[PDB]
Every structure is written in structure tokens, then in C-alpha cells.
Amino acid sequence: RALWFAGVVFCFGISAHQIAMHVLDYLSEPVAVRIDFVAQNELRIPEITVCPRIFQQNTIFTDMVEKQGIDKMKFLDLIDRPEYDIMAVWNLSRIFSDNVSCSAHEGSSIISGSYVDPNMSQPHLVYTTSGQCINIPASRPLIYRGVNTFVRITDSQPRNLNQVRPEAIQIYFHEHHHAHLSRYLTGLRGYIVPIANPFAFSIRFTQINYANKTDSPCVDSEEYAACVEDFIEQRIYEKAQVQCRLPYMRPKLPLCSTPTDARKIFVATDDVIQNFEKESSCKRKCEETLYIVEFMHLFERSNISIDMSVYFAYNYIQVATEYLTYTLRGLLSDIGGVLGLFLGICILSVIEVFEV
Amino acid sequence: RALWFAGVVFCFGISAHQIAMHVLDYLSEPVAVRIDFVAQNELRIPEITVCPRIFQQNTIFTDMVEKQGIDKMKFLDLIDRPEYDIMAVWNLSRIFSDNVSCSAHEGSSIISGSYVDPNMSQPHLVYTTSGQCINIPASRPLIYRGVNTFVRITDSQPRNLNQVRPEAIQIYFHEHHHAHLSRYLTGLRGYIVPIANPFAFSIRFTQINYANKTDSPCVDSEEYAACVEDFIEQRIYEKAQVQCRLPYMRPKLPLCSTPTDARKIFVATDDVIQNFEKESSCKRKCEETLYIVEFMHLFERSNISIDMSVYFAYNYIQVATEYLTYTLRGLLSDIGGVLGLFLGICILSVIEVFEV
Amino acid sequence: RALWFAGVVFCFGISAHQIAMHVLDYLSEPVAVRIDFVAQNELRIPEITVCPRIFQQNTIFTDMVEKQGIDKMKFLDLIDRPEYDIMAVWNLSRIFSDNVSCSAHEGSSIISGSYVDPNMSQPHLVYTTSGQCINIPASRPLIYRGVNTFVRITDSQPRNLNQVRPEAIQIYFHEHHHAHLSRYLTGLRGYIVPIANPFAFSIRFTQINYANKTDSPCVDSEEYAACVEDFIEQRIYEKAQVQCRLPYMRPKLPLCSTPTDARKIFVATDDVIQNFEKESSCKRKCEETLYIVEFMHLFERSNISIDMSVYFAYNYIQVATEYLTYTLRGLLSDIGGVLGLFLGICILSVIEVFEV
């Protein structure tokens with residue numbers, strides 16, 4: 001009976017190996033991606049940060065610093081003079097007046113006309129590494145009534161001919177409550193547009209709903225934003241080796257009073273915002289919206305200085321949803337199948353063996 | 001033997017529960033989406049409806065009604081005068097003459113030159129809520145030979161300087177035989193372009209082949225179009241509480257002779273076309289083509305009044321096909337697996353039990 | 001016992017059919033597509049071929065041939081004159097001087113400024129069916145630092161006013177080492193742009209990683225390129241029935257000395273490049289990158305003759321990966337399940353039967 005026992009042990013070994021592999025596969029939680037094209041009646045506007053060009057590319061700030069006798073690429077030296085402070089050095093980069101309106105034109109009606117909703121999340125002041133910027137929270141989702149839906153950022157500043165006036169701005173569309181993106185990466189990930197002519201963008205939406213797993217955990221939008229903001233600030237402070245902050249930093253430490261400290265912080269933040277995408281520690285989000293930006297063309301030319309439009313005309317959002325493809329039912333079915341192939345013992349056999 | 005019987009009944013219960021869940025899963029027909037990027041040698045042109053701006057935004061119609069002493073936003077009062085009829089009130093919005101050509105430039109040949117096919121589904125007259133419009137059926141699929149493939153809608157109307165001439169039109173790309181889209185939603189879902197300069201669009205194709213299931217049934221394109229058109233017409237008639245029709249309606253009832261009836265129908269159709277997307281009853285289609293519209297730029301400037309181009313330069317259509325992921329073979333395999341785990345009885349055991 | 005034996009044979013038949021179908025399904029290797037949106041820190045630039053317009057659409061070449069007394073559409077007759085050769089007839093179509101630079105602007109730094117890398121794969125000379133063209137190999141992947149990443153092809157040729165100067169060129173973005181695409185299909189699949197104004201494109205990336213299967217085998221990029229190039233050349237030679245080559249052909253046979261041979265080769269290559277997509281024999285690649293081309297707008301206007309830009313501002317590449325969904329473990333589990341349903345015999349029963 002030696003051969004029969006050898007066959008029995010071989011069958012037990014193969015069955016044990018197969019059940020172990022099945023259980024490991026279930027534990028790994030394999031996932032599959034379902035791609036849908038969902039048409040919504042209300043689009044979630046991305047948060048918009050409109051900055052001036054970076055300090056070096058900015059024309060007004062560069063002209064001011066040259067007028068003060070200090071060449072660009074080293075503007076931070078302005079902090080040395082008692083009449084200039086970092087807050088003032090960064091308020092000099094302001095490009096939008098107090099008359100900044102963010103209208104929301106949601107389609108049109110064949111009987112009444114076009115809907116205009118000027119009371120749409122009026123822009124507020126933010127401090128970016130590019131200077132002083134305008135942030136536009138997405139207070140409510142825009143009702144999509146047609147390809148005429150858009151958001152119009154318009155500033156009618158008294159653009160007199162006495163002084164040189166801006167030739168470009170940097171507009172960045174990002175997640176709703178990502179303070180780090182608005183205050184650090186607008187200068188890098190913001191599309192440059194001229195204000196001389198009324199511009200118009202177009203936004204398509206690719207939503208990605210990842211899956212929360214043991215090896216790829218999730219964090220809500222707030223958790224991810226807080227994680228990345230804290231990581232960026234702590235990394236900047238570690239790199240700069242200084243107790244400081246700059247207008248683009250949370251009120252944690254006091255502003256620098258000397259150019260050296262500010263320049264060290266600036267270099268540190270440059271390196272961080274450059275290399276933080278891969279070296280960040282906190283986990284990804286599983287509600288990740290991508291705003292594909294195309295370039296519309298405007299037939300209507302307005303006389304407002306900084307007329308700007310962003311059109312949301314495509315309501316078919318591409319939703320990529322990740323779902324678990326292996327369940328407990330499937331694992332039990334596969335285990336029972338392998339048993340019926342190799343061992344051929346149900347739980348009744350186990351009960352009989354245990355009793356005896 | 002009480003404990004053994006308790007174990008037997010517990011095993012039977014768990015096996016019954018698992019088989020019931022497996023059968024329910026199979027009955028629900030779970031589906032999976034396969035995303036392909038298919039390159040075709042012949043592109044299916046979308047149907048194009050070119051309208052004037054909506055009656056209020058239209059400049060020629062507004063100027064005419066003001067010349068007649070009636071301000072816009074209430075133009076329907078024109079029906080009161082015996083010399084004006086609704087058909088005439090809507091023929092006043094015509095913007096394209098009888099000389100409207102729809103050429104089809106399908107790539108080019110390095111030896112012969114560019115292929116021009118002027119005999120491509122010449123535009124015909126349609127009546128939209130925007131007025132009198134030009135509809136261009138897709139008679140045949142355009143042969144894709146390169147990024148130079150496009151369809152050119154050109155009208156050389158005698159645009160004399162005596163009278164104000166149009167500054168914009170509304171072009172809507174939609175499914176092939178969707179009369180409701182052409183005659184109701186062009187004013188809402190149609191991109192506005194100026195005729196002063198030769199325009200050019202660009203169309204990318206996202207085909208979605210859904211699956212016909214018990215809980216998500218299908219209907220052919222004709223069935224869906226007929227359903228939605230009948231629903232829109234019936235809902236407009238229910239809302240307006242009047243026996244009427246307007247040029248943008250099928251020849252079912254006669255045209256109104258009084259402004260009140262026409263205005264009631266107009267309000268009803270506005271509300272319908274606004275809210276019919278979600279409250280429609282008939283089932284969706286599972287051959288659903290999406291036309292992503294980008295904005296090309298034309299280096300060549302022509303002297304024709306309403307020169308217009310639509311380029312189909314990307315032949316990689318994104319096909320999202322939905323297929324059933326659970327089959328009868330799989331269900332039987334899973335049921336047998338759970339039996340081999342818990343019960344360990346094949347059909348032979350069933351035969352033996354039945355005989356005894 | 002006849003009924004019992006009939007039931008046994010029926011169960012054996014159904015089980016055999018089910019196991020055969022399961023094994024056939026496993027052998028067919030069903031596949032599933034996973035769609036990811038991967039954000040990279042370095043983008044792989046597509047290879048760029050910038051040609052003049054096709055010989056007929058080209059203005060400089062057409063003007064030259066008309067000046068020589070030979071009308072276009074038959075320019076090959078120039079070979080008849082001893083003072084003209086095919087190499088000279090195709091060097092007459094040159095549009096770019098020796099001062100062609102391909103700079104690579106990879107984002108910008110808030111402290112240092114914009115990164116410019118003029119030493120990025122300087123363009124070299126290629127011979128296309130469109131004439132003499134400029135090919136730009138992708139030496140290295142561009143580091144993506146922001147939406148300001150782009151590649152600038154700039155030629156400052158001495159564009160004097162004495163002679164007519166080019167009004168358009170044809171720029172084609174294709175796989176890295178696809179010589180056939182560069183030398184044959186640029187005139188067909190190349191976007192036409194004017195040089196009078198500084199142009200700017202925008203490239204989005206859709207990578208497709210197909211699966212190598214018995215019924216749909218794979219070939220590396222080099223293998224596919226070599227296959228298709230050899231197929232195109234051999235098919236052209238078979239069709240033209242002549243021992244020749246043209247500047248757009250590999251140095252295999254000598255150049256024609258008579259117009260008839262060159263014209264026959266030209267017609268043959270036209271037909272080939274037209275119809276080779278479907279009638280090609282060698283297998284597809286499973287690393288297939290698609291370059292979706294949108295149209296950017298440039299706010300800055302330069303004075304260089306042929307200033308041209310291609311922006312890579314979207315780093316979220318859409319990766320469609322094809323993976324096998326049925327494995328050996330799954331097949332064994334399903335086979336065991338069907339056995340436990342119908343037969344109820346493990347391998348131990350097989351051993352017992354074999355011994356007895």
C-alpha cells in the first residue's frame with residue numbers, strides 16, 4: 001500500500017498548495033477597473049487659482065525691483081530696506097484689483113435667455129509662491145444645460161496707460177480643498193494665458209474612484225490635503241534649517257526679517273515642490289478628479305482688461321471605478337472545487353474524522 | 001448522533017445559502033467593460049445641425065422684430081398680425097441660402113492630390129426651436145486617409161453690405177437619426193461659432209456598446225429616437241394644454257393662430273428640453289457614440305461668407321464594450337465547488353437518494 | 001439497473017462536455033483590459049517628422065517646376081534633363097536650412113527660472129514622399145515639471161523677401177523608431193501648420209500594452225518597424241515591376257534615370273501607403289502609444305521664420321493594459337467543481353480505479 005499512500009500524500013500536497021494560493025489571491029484582493037461615461041446634470045467646477053507669472057517672469061514686479069535699483073533673480077534683497085517687508089514685497093506682485101467677479105453662465109433658455117449667476121463663489125485672496133493670487137472656491141456645482149456652460153473670471157481694474165500693464169497670468173485648475181496645490185504648484189502647473197485678449201479654456205472631467213485595500217489604503221480628500229500640506233511645510237523647514245515662514249506658508253512661524261532666511265526658504269520650497277510628488281509619505285486618495293484642459297476660441301471680444309472664461313461643455317465625465325473582483329463566495333467555491341478534484345472530502349468527512 | 005445531525009444541517013444550510021447567492025449573482029448578470037482603441041479606415045460622420053442663434057440671441061430676427069415695432073423676448077406677438085404667420089415668423093430666422101454645399105475632403109494622394117467629394121449628403125431644411133436650420137445627414141462613412149479628412153459646410157450667400165449680416169451660428173453634432181436632438185436641443189447643445197472667419201472643429205469618437213440585460217434593457221437607435229421624440233411631443237402637449245404645433249414639431253396638430261397658444265407651447269418645450277434627460281421613460285441605447293469636440297485652427301482664410309469645417313483626423317475610436325462576466329459554465333462550476341466543500345454529493349448521490 | 005447506468009453515462013457526458021469547454025476557454029486565454037491614469041515625472045517625446053507640403057501642395061517646388069517650363073502634377077519629367085537628377089529634384093523641396101534647433105523647455109524654477117536644453121536630439125535629414133524632411137529622434141525622455149514643458153523646433157533661415165517663402169509645413173508625431181511612418185506617411189498623417197505665425201501643439205499620451213497570446217502574438221517595436229518597412233518596400237517593388245528606388249527608399253536598388261520608372265514607383269508607393277494598414281502581414285505590437293494632438297494657442301509672437309512648439313502639459317498617460325483573466329489555478333478549480341457537481345470523484349478515485 002506504499003504507492004497508494006504516496007499518491008494520497010501527493011494529492012494532499014497539491015491540494016494544500018492550490019488552496020494556499022487561492023487564499024493568498026483572495027487576501028491580495030485583486031481589482032478590476034470599470035470605465036463608464038456618465039452624463040450629469042450638474043458639473044463640479046474645479047478650484048481655480050489665478051496668479052501672476054512667477055516673480056522672475058512677472059513684468060510688473062520685475063520693473064518695480066529694477067526701479068528700486070535691484071535686478072531680478074535676487075528680488076528678496078528688498079527685505080533689507082526698512083521700508084520694505086516680505087508682505088509688501090509680495091503685495092507688489094498683485095495683478096487683480098478688488099473688482100474681481102466670477103460669474104457663472106449656466107446654459108441658456110430659448111424663452112428667457114442666458115442664465116447669469118454673478119453670485120458664484122466670489123474670488124478671495126491667497127498667497128502663492130508666484131506672489132499674490134486669486135483663489136475661486138467651488139461653492140456649488142454648476143448646472144449643465146448645454147455647451148454654453150462656463151465660468152467667467154473678469155476684472156475691470158483701472159488699467160491706465162501711465163504704467164506698464166500685465167501681459168499674462170497663470171490659471172491653475174485643481175481639486176476642491178487642496179491648499180498645497182493652490183499655494184505652491186500654481187506657478188508650475190498653471191497654464192499661462194494673456195490678458196490682452198479674452199481667453200477661454202475648456203475642461204473635461206476624468207474621475208477615478210480607486211479601491212481601499214490593505215496594500216493600497218485610502219484617505220479622504222481632506223486627509224490627503226492635510227497630509228501633503230504638512231509634509232511640504234515640514235520638509236521646507238527641515239531643508240531651510242531656519243525658523244521662518246513666507247506669505248505662501250501657514251501662520252506657524254514668523255516672517256523672515258533678513259534676505260538670507262527668505263532665500264533659503266525659497267530654495268527649500270523650490271526643491272520640495274519639485275520632488276514631493278514621489279517622496280510624499282501619506283497615502284493616495286480614491287476620489288481623484290483629473291481636469292483635461294483644452295483651448296477654446298472666443299468669437300466675442302470684450303473691452304474688460306482681464307476677461308477670462310472656462311467652459312464646461314462636455315458633461316460626459318469618464319469615471320474609472322476600481323472594484324474587488326474576488327469575493328469570499330468565490331474563494332469558497334474555488335477551494336471546494338480543488339477539494340472535489342484532488343481530495344474529494346466535504347465538511348462531513350471532516351466531522352467524521354474529528355469524531356473518530 | 002445529535003451533534004452529527006446538527007453539523008449535517010448546518011452544512012446543508014451554508015451550502016444552500018452559498019448556492020442561492022451564486023445563482024442570484026448569475027441572474028443579476030454582472031458585467032465588465034473592455035476598453036479598446038480601434039483604428040478604422042472609414043469614420044462614421046456625426047449628423048450636423050447648423051442653426052442660427054436662439055431667437056433672442058439672433059441678430060437678424062431681433063432686428064426684424066424691432067423694425068416691426070415689437071421688442072424681442074416677446075416676438076411671438078407677430079402672429080397677431082394677419083400678414084405674419086408662425087411659418088413666416090420662423091422663416092425670418094433663415095441664415096443659409098439655397099447654395100449650401102457640404103463637401104467631403106477625404107485625405108489626399110501624393111500623386112493625384114486631394115480628394116474632394118461635393119456630393120456628400122447635401123444639407124436639407126429642418127425646423128428647430130432656434131428657427132430655420134440646416135441638417136446634414138450622414139449618407140456614407142468618410143474614408144479616413146489621414147489627418148486631412150474633414151467635412152466642409154460652405155454657403156456663399158449674396159452677403160451684401162446693405163443689411164446687417166449674421167455674426168454667429170450654432171453647430172450641433174449628434175447621432176445619425178435623432179430627430180429630437182436636431183429639432184429641440186441644437187440651441188442648447190450646439191457650439192457657437194462666428195461666420196466672419198472660417199471655423200474648424202475636430203471630432204474624436206467614443207463608442208459605447210452597452211449590454212442588454214433584464215434590469216438594463218436595450219433599444220435600437222430607431223426605437224430610442226422614436227421613444228424620446230414621442231415623449232417630448234406628448235409632454236409638451238400635456239404641459240401646454242393646447243391643441244397646437246410649431247414648425248419644430250411633427251405634423252400632428254395644426255399651427256397656432258394666436259400668440260398665447262404659441263407662447264404656451266414655447267414655455268412647455270423649454271421646460272421639456274430642459275428636464276427630459278432624467279424623466280424620460282424609454283430605455284437607453286447600447287450603441288451610444290460620443291463626439292468629443294475640440295477646436296482646430298485654420299491657416300487658410302477663404303472669402304466665402306459661412307465657410308465652416310469639421311475635421312476627423314483621429315481615427316482611433318475609443319470603444320467601451322460591456323460584456324457579461326458570469327456564464328452558465330461558471331455558475332455550475334461554482335455550485336459544484338461549494339457542494340464539494342460542504343456537501344460532497346454529486347448528481348449520482350441525488351440519483352441514489354431518489355431511487356431509494 | 002438500466003436507468004441507473006443511463007443516468008451515469010448522462011452525467012459523464014455532461015461532465016466531459018463541461019470540462020472540455022472549460023479547458024477550451026483556458027486555452028483561448030480570455031483577456032481583460034485595465035485602464036489606469038499614470039502620472040509620470042518624465043514624458044517620452046514622440047518622434048517628430050517635419051516635412052514640406054506634398055509636392056503638389058508645396059509652393060516652392062511647384063513654382064520651381066513651373067519656372068522650368070513643366071507644370072505640376074507631372075514634376076518627375078525633370079529627371080529627363082541631364083542637369084536634373086531625382087536627388088536634385090527632391091532637394092529642391094527642402095524648406096529647413098542647416099540652422100534648425102530643437103530646444104527642450106522642461107518646466108521652470110521659481111528661483112532659477114525656465115530650464116532650456118538646446119542640446120536635445122538635434123534634427124537630422126530624412127527623405128519622405130513629401131520631399132526633404134527634418135526628423136527629430138527622441139534621444140531622452142523630457143522631465144515633466146509642469147504644464148510649461150514643451151519642445152521648440154525653430155529655424156531662422158535667411159527668409160529674404162526676394163523669393164516666395166513657405167506658407168505651411170506638415171508635422172507628424174509617431175513612434176520612436178518607425179522609419180516607415182516617417183518616410184512614407186508623414187504627407188498623409190501629418191498635421192498642416194503655417195510658419196507665418198508661431199504654432200503650438202499639445203500632446204496627450206494613450207499607451208496600450210496588449211497581451212502576447214497564441215492567436216494574437218506580439219512583436220517588439222523594432223520587429224514591427226522592420227516588418228512593415230520591408231513589406232512596404234517589397235510591395236512597392238512588386239507593384240511597380242521595376243528595379244529602382246527613390247530618395248524615400250532604403251539603399252537597396254539604384255535611383256531611376258528615366259521619368260517613367262520614377263512615376264511607376266510613385267504610383268506604387270501611393271497605393272501601398274494607402275492600403276498597407278489592413279493588408280500588412282506581420283503581427284501587431286503590444287507597446288502601442290497614441291499621441292492625441294490638440295491645438296494650443298501662443299500668446300508670445302516671435303520673429304523667427306519657422307518657430308514651432310509642441311507642448312506636453314498633461315502627464316496623466318492613459319494606460320490600457322491587457323492581462324490574462326483565466327489561469328491554471330482557476331481552470332483546475334472549475335474542473336474540480338464540475339466533477340464535484342456531476343461525477344463526485346477526486347484523484348483518489350482515479351487511483352483506486354487504475355489499481356483495480
# chains A, B, ... in the order shown; residues from 1 in each chain; ligands from 1
call {"tool": "closest_atom_pairs", "arguments": {"of": "chain B", "to": "chain C", "cutoff": "6 Å", "atoms": "only C-alpha atoms", "output": "CSV"}}
result
residue,atom,partner,partner_atom,distance
B:34,CA,C:33,CA,5.5
B:146,CA,C:189,CA,4.6
B:147,CA,C:189,CA,5.1
B:299,CA,C:194,CA,5.9
B:333,CA,C:337,CA,4.6
B:336,CA,C:341,CA,4.0
B:337,CA,C:337,CA,3.8
B:340,CA,C:340,CA,5.1
B:346,CA,C:341,CA,4.6
B:347,CA,C:342,CA,5.0
call {"tool": "write_last_selection", "arguments": {"atoms": "N, CA, C and O atoms", "output": "compact mmCIF listing (two decimals), in the first residue's frame"}}
result
# COMPACT_ATOMS: atom_id res chain seq x y z
N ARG B 34 -14.65 46.44 -21.38
CA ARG B 34 -13.38 46.32 -22.09
C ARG B 34 -13.19 47.58 -22.92
O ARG B 34 -14.07 47.95 -23.71
N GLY B 146 -6.06 60.18 -43.72
CA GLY B 146 -5.05 60.92 -42.99
C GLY B 146 -5.71 61.98 -42.13
O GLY B 146 -6.94 62.10 -42.08
N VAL B 147 -4.87 62.77 -41.46
CA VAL B 147 -5.36 63.85 -40.61
C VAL B 147 -5.98 64.99 -41.40
O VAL B 147 -6.47 65.95 -40.80
N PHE B 299 -5.21 77.71 -41.04
CA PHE B 299 -4.20 78.61 -41.60
C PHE B 299 -4.70 79.30 -42.86
O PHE B 299 -4.28 80.42 -43.15
N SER B 333 -19.81 25.44 -12.25
CA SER B 333 -18.53 25.15 -11.60
C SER B 333 -18.53 25.61 -10.15
O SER B 333 -18.08 24.89 -9.26
N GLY B 336 -20.84 23.34 -8.03
CA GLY B 336 -20.17 22.09 -7.77
C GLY B 336 -19.04 22.24 -6.77
O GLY B 336 -18.81 21.36 -5.94
N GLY B 337 -18.32 23.36 -6.83
CA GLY B 337 -17.26 23.59 -5.86
C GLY B 337 -17.78 23.71 -4.45
O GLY B 337 -17.25 23.10 -3.52
N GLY B 340 -18.79 20.29 -3.27
CA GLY B 340 -17.62 19.51 -2.90
C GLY B 340 -16.96 19.99 -1.62
O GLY B 340 -16.26 19.20 -0.97
N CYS B 346 -22.47 14.42 -5.56
CA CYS B 346 -22.63 14.70 -6.98
C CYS B 346 -24.07 14.39 -7.38
O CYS B 346 -24.94 14.17 -6.54
N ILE B 347 -24.35 14.39 -8.69
CA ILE B 347 -25.68 14.00 -9.15
C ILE B 347 -25.92 12.51 -8.97
O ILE B 347 -27.07 12.08 -8.90
call {"tool": "residues_around", "arguments": {"residues": "residue 312 (chain B)", "least_positions_apart": "3", "cutoff": "10 Å", "atoms": "only C-alpha atoms", "output": "JSON, numbers by chain"}}
result
{"B": [43, 44, 45, 106, 107, 142, 144, 146, 147, 148, 149, 150, 151, 201, 202, 203, 204, 205, 309, 315]}
call {"tool": "atom_distance", "arguments": {"atom1": "CA of residue 58 (chain A)", "atom2": "CA of residue 92 (chain A)"}}
result
10.7 Å
call {"tool": "atom_distance", "arguments": {"atom1": "CA of residue 50 (chain C)", "atom2": "CA of residue 109 (chain B)"}}
result
18.1 Å
call {"tool": "select_by_dssp", "arguments": {"residues": "region 147-322 of chain A", "states": "strand (DSSP E)", "output": "ChimeraX atom specification"}}
result
/A:150-155,169-174,191-193,199-209,288-295,308-311,316-322
